[PDB]
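See below for the structure under consideration.
Each reported figure results from applying straightforward, stated rules to the coordinates on display, with no laboratory input. Don't worry about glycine lacking a Cβ; one is built from the backbone with ideal geometry, like all the others, and counts go over all protein chains shown.
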Amino acid sequence: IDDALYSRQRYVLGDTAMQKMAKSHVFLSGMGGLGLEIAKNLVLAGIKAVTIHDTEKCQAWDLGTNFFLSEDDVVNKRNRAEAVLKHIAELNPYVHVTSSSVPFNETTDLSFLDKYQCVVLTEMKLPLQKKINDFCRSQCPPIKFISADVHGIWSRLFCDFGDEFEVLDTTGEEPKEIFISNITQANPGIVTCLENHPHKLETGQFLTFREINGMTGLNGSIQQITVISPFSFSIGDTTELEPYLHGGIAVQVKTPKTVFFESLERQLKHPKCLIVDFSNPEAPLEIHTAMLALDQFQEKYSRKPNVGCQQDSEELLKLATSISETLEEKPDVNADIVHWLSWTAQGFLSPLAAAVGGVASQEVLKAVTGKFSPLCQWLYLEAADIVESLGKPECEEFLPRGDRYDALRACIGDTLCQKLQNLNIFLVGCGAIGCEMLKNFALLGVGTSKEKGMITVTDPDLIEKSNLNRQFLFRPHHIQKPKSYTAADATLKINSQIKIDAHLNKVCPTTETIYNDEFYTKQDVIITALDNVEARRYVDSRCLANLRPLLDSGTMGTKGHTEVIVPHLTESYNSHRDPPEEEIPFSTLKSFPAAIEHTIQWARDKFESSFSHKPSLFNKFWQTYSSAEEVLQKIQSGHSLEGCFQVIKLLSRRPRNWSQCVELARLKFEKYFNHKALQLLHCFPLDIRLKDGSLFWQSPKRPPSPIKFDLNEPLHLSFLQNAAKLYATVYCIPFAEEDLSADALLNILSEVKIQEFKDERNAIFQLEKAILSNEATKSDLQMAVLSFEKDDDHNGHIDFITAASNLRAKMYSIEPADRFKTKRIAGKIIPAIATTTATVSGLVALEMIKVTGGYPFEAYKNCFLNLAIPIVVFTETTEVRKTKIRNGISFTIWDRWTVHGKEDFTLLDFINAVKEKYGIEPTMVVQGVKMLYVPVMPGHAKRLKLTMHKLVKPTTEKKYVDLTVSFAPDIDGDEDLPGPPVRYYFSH
Amino acid sequence: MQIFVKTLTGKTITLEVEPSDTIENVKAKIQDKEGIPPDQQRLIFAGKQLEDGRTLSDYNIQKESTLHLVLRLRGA
Amino acid sequence: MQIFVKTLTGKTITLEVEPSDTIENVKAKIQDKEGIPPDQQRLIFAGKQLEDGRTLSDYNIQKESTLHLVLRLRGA
Amino acid sequence: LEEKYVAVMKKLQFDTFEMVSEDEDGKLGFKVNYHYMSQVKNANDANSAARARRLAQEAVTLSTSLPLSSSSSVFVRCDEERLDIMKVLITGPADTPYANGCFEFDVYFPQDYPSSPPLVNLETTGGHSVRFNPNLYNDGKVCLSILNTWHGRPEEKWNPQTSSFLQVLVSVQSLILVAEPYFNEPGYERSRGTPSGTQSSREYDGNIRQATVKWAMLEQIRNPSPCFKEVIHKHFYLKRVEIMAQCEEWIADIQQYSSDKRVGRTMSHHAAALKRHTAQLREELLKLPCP
Ligand SMILES: O=P(O)(O)O[C@H]1[C@H](OP(=O)(O)O)[C@@H](OP(=O)(O)O)[C@H](OP(=O)(O)O)[C@@H](OP(=O)(O)O)[C@H]1OP(=O)(O)O
Ligand SMILES: *P(=O)(O)OC[C@H]1O[C@@H](n2cnc3c(N)ncnc32)[C@H](O)[C@@H]1O
């Protein structure tokens, strides 16, 4: 497995998943938008063999739905399957793709389909789909059957994995570890968890146990549990065992799960749907009835309903009424659903297609690997909220005009398209999300209006090998190039009318000068693709300063979220908190590790301090002082120096050649991995007891153990090589690769002795010795300052860190970790997959339309997802909050008070103006982080008689500043009432 | 009265509450079993976000009702 | 006779005791009023970490001085 | 005597000093050594505003609530334009191994304050050569439960609404500085009163005494910090005779255990180091002018 292209995928999935998805054959039929996007998603996944199929040909209408077709393809009237096979082949050299055009009908032999393992169907007639499902399910083993279809703003999804399907992992969440405090020899046994730390478990789960004192028989055994209290539960009988002494570790054991499906025809009479909006749980049944009625009408009349044809609407309504009573549940009929479906039966909508394609590709992954719980058994996505706010639009607005956007006009109408072409949107970040952003926007033809409509993207990042896995906009020949420029070049191919600005800037307060508020107000909506919350908060504060709409989303692995904010309607992004990574006391980290992550972190910090902090300190010290004899004289005169002892100790211990560096590495290993355990055990014997008499070296502490060196150990040799090469690189000592050979190193160490385990004058002596040896030259006061690089395979950073972490686990009797997990933890690499990002991209692009519509507060939604279940939720966003202060005065997050002043304007003038205008006296004034007036600190009382231009010292480019004010609480001794933002102008 | 709190990743939490309890106390009850601070958790019922200062009777939460616990993500 | 004693939350406890109140009786009384275990109750005042056995008057200092406490020292 | 000590020094408990000078380009030019260069220079987000109100409220309390006594006293200086740049010095409690000492700290306020506890480090580490208290790391790291957060025990951690800066000050000045820091390490209080534990405590106390004699007075007076300069000159000026008396008592006590064999050589080494320190310390005190 080439890790440079699947590093994230390996962490998301696991080696078994990649092994299973290898040597896989998938058949897909229908070269529509849905087929194309599912195909690109699966190729990004990297299936060895995929075969596509289509019999139709290019049309001018297909331009608005396909992003790989070209006008030349439409001119030549080529088959849709052929004209794209090259472009999809460009995505992955390791993926073999085949195209087919074999005619399909009731008489077509299906025996050839046994070569594949799963089947995907789109744009197919229903009875043939039923027949195919019956044939696929009758196989031994049955072939996975997948079907999905899209009509306007309506989507249908069904799954069938046969009578029985097997899941090797229900959730994909790593099991936790606990500490055993007490156990009772009872029937049933009672287990007491350690103090605090509730198990958060559930009855019936299985745990395995180890290092239990007294009941050695419970070690290596698996017990089904029965939760009793938050910190205790029950196990089997233990009266026949020995008494419990101490210790014990329990870890949960995962269990394979078997599920069941049904045939398509049976599921049609009573679909097992999934709910995504709890507000209207009855809607999916009505939508399924409407889809079935639409299929009936299409079969009967061999045509789709016409817009403005009321007879079609009533015919479909009658069909649905006939169908509804026939259903097992016998539901009611939603007239508006039928009317809207009939109105817009001939449209196609892109982001809905993208989301459906992402979820379908994920379900195909579930089928091929069995790594997750499959969806059972139906799904229906819809976006009727956009057309609900339209009131009663006319059918004429939906009439086609003979352009590539005919489907979108049939969906929403020409007016919304016109409003769409004039939008000035700003985009920050150009990650994997930004690429499909640009693709969707190109599909929508945003900003194509010549007079108005502009897109801007800024990203300082360059193109990397691993980025190609998630970012399809970029090619292997684009490595080490600006993301923005390459993305713009790739996207402009699809549509020539795109007006795009690409920059290499990183958004930050320092670069805020180019991003003035006039630019913000010029923009109309902003989309985020950031990966860090600090820039997110900064962008939030920027947009709030302009009352501008903003969209934000985030994804890790199989989970994703979307959020919407509207001026004067909702709360800010900062209105909610985020849980940061927890802190670890050295009392753990330095001295008492209990997990591999602790050793990983300790090794990382030791590397950082040794190879980054120390060389920088040394070079700073020796650039501050030019002459070493000067330093010697200053020391001899008794003058104090900063960091003098450390730098003199380093200089006295400066190696001069390869062998000296090797010996230094050996002694460093000795100190790090032998002497520390000896000192710790000397300070604390293994038998040391506490006041209760309990062992100090009890849970969660692990006693250490010194380790004897062995060159024949590959780990020891690898770590020594890493340390030696790092030392040589740091000290600017050139070396040959043959020196790293085990034989040469053995020759070096064959004459190396090790000292056994057990100030100012010595430092002065060493300095004098260095001086008399002419070791104080200008070149001597230098070494390279290194930086961590997890993306380099030869620098040896990861090798050294992993070796050190494994050793640090070893003397503490801790299970080590492989290279990949160590690299992921050290770099804190975030796993991701194309399916989730594509789905959330489709969702946010869809919500952008509602943002454009200027719809009421009820139209918008936020969604949070976890396809591992799978689970999807849609909720209404938080409403704006009111904040009253005193005297009936209230305000919001969008309210901003403004005051105009003068050159002679003073603090007392400002207080008088504010108190007059709003009835409240500002008790304090602060400009951002620098105070301006706090009566508590002495000398601010005299500040009242100062010019405000003098007290502020502002920048000339800005004619106003915003300050923070507060007010005295009604009851003294209470916290001061916060004040809304105040914008002061220096002049009118 | 019995209610269920289903968080993402499939974990199910059992709670005992009575009408008239306040949303902030209901969410503080979560900490006794999960360790999640009250200020860090958002809980959703029937497509609405439960605001602070209200009681269960206002949102019309009854026996065996299901509430979802959701969080925001940082990657991109 | 009553007392003044302050804590983390700053409660200035004022409760009647005996002039011969042994510090073990003090632990008992503290666990009566609050139920906190005596193991956390490492009372300190006048430079003396209080040992249980001796009485209140055994130390020759008497009531009404604001006394305070130290926990069993957990490490960083 | 102590009345005069408390009376003179009451006006200097709280005050302000200028440490950072900003040029025309907004660069932060620090006039003194501060442990938090990178954090201050990089974290330039002004989004936080509630921190300003919280510290404004705190300034009222910290301006009057500073402990001040012959045994120990509190004096703090802060930047005249910023708010997250702190400096503070404390006087060592009487009769402790740290008796009548002087030690400095650097404290930074995070932007998300008061939702998070601030940062703090030692400053008189002797170039990190001395590890003073179990709870004091030689590099300068400071660890407090009210200054940190984990699963642990809820009430002890940093409570944004109840935990206060003055509480942290009190916790430091009281719990960190004790008569016998040797048993501060948990697991060693099991051996209280035992002859071996008592001997180890005596040796550790002698080590601490000689270290603080070397660093907490001589190094401080010879190269004082600009901020608390006049304050330490006044404080050390008044307590010269008691400092000499306690030094002589310590030296006499140190000489008592030199006849030992288990600890004799190290004990005599501590005696020699203490005498060597006092030799120059007496001269330095004799050269100290009246403030
Ligand atoms: O400077 P740091 O990166 O914080 O590491 C130091 C350093 O060890 P290395 O030189 O091996 O990196 C010290 O050694 P010196 O250079 O100061 O002599 C050592 O002190 P000792 O040699 O006296 O053991 C100390 O360990 P400690 O603080 O336990 O005394 C250890 O700190 P870390 O290993 O925790 O980084
Ligand atoms: P994901 O990590 O896949 O992509 C995130 C991209 O966003 C860029 N980025 C991060 N932070 C910023 C700021 N503050 N301004 C502009 N761009 C940013 C990263 O470089 C990634 O390309």
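For A:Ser612, the shell of other residues with beta-carbons less than 13 Å away shows a net charge of +1, using +1 for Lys and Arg and -1 for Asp and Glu.
In angstrom, the C-alpha Rg and Dmax of the range D:132-291 are 19.0, 56. For the range A:1-42 versus the range A:343-367, the spacing of their alpha-carbon centroids is 17 Å.
In the elastic network of chain D, a GNM with C-alpha springs shorter than 10 Å, the most mobile of D:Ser174, D:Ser38, D:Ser163 is D:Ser38. Separation of the range D:136-176 and the range A:74-88, taken as the distance between their Cα centroids, equals 69 angstrom. Would you kindly give the portion of the calculated P(r) for chain B that falls above 22 Å, as a percent of all Cα pairs? Pairs farther apart than 22 Å: 16 percent. Among the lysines, which fall within straight-line cross-link reach of A:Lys176, defined as a Cα-Cα distance under 16 Å, with same-chain neighbours fewer than 8 residues apart omitted? Straight-distance partners of A:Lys176: A:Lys200, A:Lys254, B:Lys11, B:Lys33. When the charge dipole of chain C is built from unit charges on Cβ atoms (+1 for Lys and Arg, -1 for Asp and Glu) and taken about the Cα centre, the candidate among C:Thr9, C:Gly35, C:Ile61 whose Cα reaches farthest toward its positive end is C:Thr9.
Remark: C-alpha extents of the range A:1-69 on the principal axes read 44, 20, 15 Å, sorted largest to smallest.
For chain D, the spread of Cα positions along the three principal axes, ordered from largest to smallest, is 65, 50, 37 Å. Computed from Cα atoms, the angle from the helix D:264-286 axis to the main principal axis of chain D rounds to 60 degrees. Between helix C:23-33 and chain C there is an angle of about 70 degrees, using the helix long axis and the longest principal axis of the Cα atoms.
Can you give the mean number of other chain Cβ atoms that lie within 10 Å of the Cβ atoms in peptide A:539-547?
Working: counts 0, 1, 3, 1, 0, 1, 0, 0, 0.
Partner Cβ neighbours, averaged per residue: 1.
Ascending distances from the B:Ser65 label point to its copies in the other chains, with the point 7 Å along the Cα-to-beta-carbon line: 5.8 nm.
When the Cα atoms of the range A:280-334 are aligned to their principal axes, the ranges along those axes come out at 29, 20, 14 Å in descending order. One Cα centroid belongs to the range A:591-628, the other to the range A:262-281; the line between them spans 60 Å.
For B:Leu15, inter-copy separations between label points set 7 Å beyond Cα along the Cβ vector come to 3.5 nm, shortest first. For the range A:249-401, the Kirkwood hydrodynamic radius from C-alpha pairs, put into Stokes-Einstein at 10 °C and a viscosity of 1.306 mPa s, yields a diffusion coefficient of 88 µm² per second.
Taking a ≥ b ≥ c as the square roots of the Cα gyration tensor eigenvalues, with a/c under 1.5 meaning rounded and otherwise prolate when a/b beats b/c, else oblate, which class fits the range A:572-613? Since a/c reaches 1.5 but b/c is at least a/b, the shape of the range A:572-613 is classed as oblate. Calculated on the alpha-carbon coordinates, the convex hull of chain A measures out at 266 cubic angstrom per residue. The calculated FRET efficiency for A:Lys917 paired with A:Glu879, based on their beta-carbon distance and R0 = 30 Å, is about 0.60.
In the range A:807-949, what is the volume of the convex hull around the alpha carbon atoms, normalised per residue and reported in Å³? Before the final figure, lay out each step's value.
Details: hull volume 46.0 nm³, N = 143.
In the range A:807-949, the Cα convex hull volume per residue is 322 Å³.
Highest average first, the peptides A:697-703, A:147-153 ordered by how many other beta carbon atoms sit within 10 Å of their residues are A:147-153, A:697-703. Between helix D:240-256 and chain D there is an angle of about 50 degrees, using the helix long axis and the longest principal axis of the Cα atoms. Peptides A:665-677, A:282-294 ranked from most to least packed, by the mean per-residue count of other Cβ atoms within 10 Å: A:282-294, A:665-677. Springs join every pair of Cα atoms under 10 Å in this Gaussian network model of chain D, and among D:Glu249, D:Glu58, D:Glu22 the largest mean-square fluctuation is at D:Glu22.
Taking amide H atoms as placed 1.01 Å from N in the peptide plane, the amide H of A:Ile228 lies under 5 Å from those of A:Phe233, A:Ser234, each 5 or more residues away in sequence or on another chain. Peptide A:924-937 has a mean of 6 when you count, residue by residue, the C-beta atoms of other protein chains within 10 Å of its C-beta.
For the range A:366-410, the dipole from Cβ point charges (+1 on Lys and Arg, -1 on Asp and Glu) about the Cα centre works out to 440 debye, to the nearest 20.
How high is the relative contact order of chain C? Use alpha-carbon pairs under 8 Å, at least six apart in sequence, and give a whole percent. Write down the numbers at each step before the final one.
Working: 108 pairs, mean separation 29.9, N = 76.
About 39 percent, as a whole number.
For the cross-link pairs A:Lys452/A:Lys499; A:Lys272/A:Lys318; A:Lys614/D:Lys141; A:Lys902/A:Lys945, the ones whose C-alpha atoms lie over 21 Å apart are A:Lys272/A:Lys318. Give the relative contact order (percent, whole number) for the range D:62-196; include only Cα pairs under 8 Å separated by 6+ residues. It rounds to 16 percent for the range D:62-196. Its convex hull of Cα atoms gives the range A:57-101 a direction-averaged projected area, equal to a quarter of the hull surface, of 3.2 nm².
Can you list the equivalent-ellipsoid semi-axes of the range A:234-276, largest first and in whole Å, using the square root of 5 times each Cα gyration tensor eigenvalue? Working shown, then result.
On the way: eigenvalues 469, 33, 19 Å².
After scaling each eigenvalue by five and taking roots: 48, 13, 10 Å.
Using a Gaussian network model of chain D in which every pair of alpha carbons under 10 angstrom is joined by a spring, one finds that among D:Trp158, D:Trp215, D:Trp150 the greatest mean-square fluctuation is at D:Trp150.
Looking at this model, which pairs from A:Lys668/A:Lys821; D:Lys31/D:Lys87; A:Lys483/A:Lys828; B:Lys27/D:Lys157 are more than 24 angstrom apart at the alpha-carbon?
Numbers: A:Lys668/A:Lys821 26 Å; D:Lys31/D:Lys87 13 Å; A:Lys483/A:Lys828 22 Å; B:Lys27/D:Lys157 20 Å.
Listed pairs above 24 Å: A:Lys668/A:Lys821.
Per-residue shielding of A:573-585, expressed as the average number of other chain Cβ atoms within 10 Å of the residue Cβ, stands at 4.
Return an integer: the convex hull volume of the alpha-carbon atoms of the range A:423-569, in Å³ per residue.
Details: hull volume 17.7 nm³, N = 147.
It is 120 Å³ per residue.
What does the charge dipole of the protein assembly as shown about its Cα centre add up to, to the nearest 20 debye, if the Cβ of each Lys and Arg holds +1 and the Cβ of each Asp and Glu holds -1? Numbers along the way, then the final one.
Details: 163 positive and 183 negative charges, 673 e Å.
In debye, rounded to 20, the protein assembly as shown gives about 3240.
Tell me, what are the semi-axes, in whole angstrom and largest first, of the equivalent ellipsoid of the range A:152-274 as set by the roots of 5 times the Cα gyration tensor eigenvalues? Please report the intermediate quantities before stating the final value.
On the way: eigenvalues 355, 46, 31 Å².
Rounded to whole Å, the semi-axes are 42, 15, 12.
Relative contact order of the range D:65-123, taken over Cα pairs closer than 8 Å and 6 or more residues apart, is 25 percent. Expressed to the nearest 5 percent, the antiparallel share of DSSP beta bridges inside chain A is 65 percent.
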